[PDB]
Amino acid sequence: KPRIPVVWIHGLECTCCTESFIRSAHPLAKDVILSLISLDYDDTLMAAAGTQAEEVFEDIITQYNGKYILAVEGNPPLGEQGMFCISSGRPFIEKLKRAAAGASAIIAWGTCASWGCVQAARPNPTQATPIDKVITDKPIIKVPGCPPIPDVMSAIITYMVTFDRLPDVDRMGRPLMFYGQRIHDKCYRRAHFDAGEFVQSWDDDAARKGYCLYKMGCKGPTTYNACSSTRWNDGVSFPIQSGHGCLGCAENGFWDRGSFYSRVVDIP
C-alpha cells in the first residue's frame, strides 16, 4: 500500500539527528525508508540537487498538501533578516513556513528544533529560534536530545505508522513514552548515589568501580530521556555507563546551566 509522505528539512544544525536516525537497529533505517514511510525530500540523502531538488520539494508539498509529515532538524535564525541560513537564495525560515503550512503534523527532531541547542547558547549570535516559536498553528512533537537516541527516533516513527496517531505528549510536547521519566529515575548507578559513593576525580578507585557521577557534574537528576534504560547504539552504552556524567542534553538551555562539571544545584 502507499507509504506516508515525509518531508525532512534542515535549518541551522550539525546533522547529528539525521546521523542518529540512520544508526537505528530496529527497524533498520533502510527498512524505514523502503517499507514504512516515503522519505520524499531530504537534503542529506536525496539524488536531486539545485533546481531538481526545488522541483521535488514543490511537487511533494503540493501533491500531498495536508497529508505529509514534516520532519525538522535544526532551527531558523532570525538575525540578518534570516540570512544566517540560506536555502535557494532565500531565508531558510521561508522554506520552513511553506513546508509547515501543508504538513499534517511536525516532528521537531533534537534539541535544535525543540529548543535551540548549541547555536542558541549565550550569546546566540544568529538569534537561532526553536520551531514552535515560529510555527504556532500545527501539531509539533518535540523529540529532544543532542541527538535523540537512534532507536527512540525509529520507535516514535513506527508508533506513528502502526497506530496511525501522534504519541501522547507531556506539557512540553515530548512523547511520554520516552521522556516521561528522568535519567536519574532509571540509572543503574543510583545505588551508589543513595550510598554516597561518588567519583571524586577522573580514574580514581570509585570511577573504576562505576560509582555515581553526581560530584563530577552529572545532570541526570534534572534530565528527561531514555538513555539509562533504552541506552545507545543497539543498547551498547550511554554517557554515564561509559564514565561521563549526563550533560543534560535533552533539556532546554542545557548549555547555559553552568559548567558540565558543576554539581546539580537543586535536585528535585
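Start at 1 and count along the sequence shown; that's the residue number.
Two stretches are in play, 86 to 94 and 142 to 150, and the higher mean C-alpha B-factor belongs to 86 to 94. Looking at 215 to 223 and 62 to 70 together, the entry lists the larger mean B-factor for 62 to 70, computed on C-alpha atoms. Highest CA B-factor among 106, 177, 117, 161, as stated in the entry: 161. Of all the options 75, 124, 81, 181, the entry's greatest CA B-factor is assigned to 81. Among the modelled residues of its chain, residue 190 has a C-alpha B-factor that falls in the middle third according to the deposited record. Residue 50 sits in the middle third of its chain by CA B factor, as recorded in the PDB entry. Annotation for residue 134: C-alpha temperature factor in the highest third relative to the rest of the modelled chain, per the entry. When the modelled residues of the chain are ordered by their C-alpha B factor, residue 258 lands in the highest third. In the deposited entry, the Cα temperature factor of residue 39 sits in the middle third of values across the chain's modelled residues.
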